[PDB]
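Please work out how this folds:
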Amino acid sequence: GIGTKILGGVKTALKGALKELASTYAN
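Residues are numbered from 1 along each chain as shown. See below for the structure:
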């Protein structure tokens, strides 16, 4: 229920936003 935070939320954030930001910082 609040497992959503460490599943659907944080793992989506690393999968999308950190993966895109770090990838086009490193280039």
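
Only alpha carbons, please: show the helix or strand hosting residue 11 as PDB.
Residue 11 belongs to helix 10-13 when elements are defined using DSSP states H and E. C-alpha atoms of helix 10-13 as PDB (Å, rounded to 0.1, in the frame of the first residue of the first chain):
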ATOM      1  CA  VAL A  10      11.200   5.400  -6.500                       C
ATOM      2  CA  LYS A  11      12.000   2.700  -9.000                       C
ATOM      3  CA  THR A  12      10.100   4.700 -11.700                       C
ATOM      4  CA  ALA A  13      12.000   7.800 -10.700                       C
END
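
And the longest helix seen in the chain, what does it pack against?
Counting residues, the longest helix in the chain under DSSP state H turns out to be helix 19-26. Of the remaining helices and strands, none touches helix 19-26 by 3 or more C-beta pairs under 8 Å, 6 or more residues apart in numbering; DSSP states H and E. (Each C-beta comes from the backbone N, C-alpha and C, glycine too.)

Relative to residue 23, how far out is residue 10?
According to C-beta to C-beta, to the nearest Å, residue 10 and residue 23 sit 18 Å apart.

Tell me which of these two has more neighbours.
The neighbour comparison of residue 10 against residue 23 (other C-beta atoms under 10 Å) goes to residue 10, with 12 against 9.

For the more buried one, give its distance to residue 20.
Separation of residue 10 from residue 20 (C-beta to C-beta): 15 Å.

just to revisit the earlier point, how far off centre is the longest helix of the chain?
Distance of helix 19-26 from the chain centroid (C-alpha atoms, centre = their mean, to the nearest Å) equals 12 Å.
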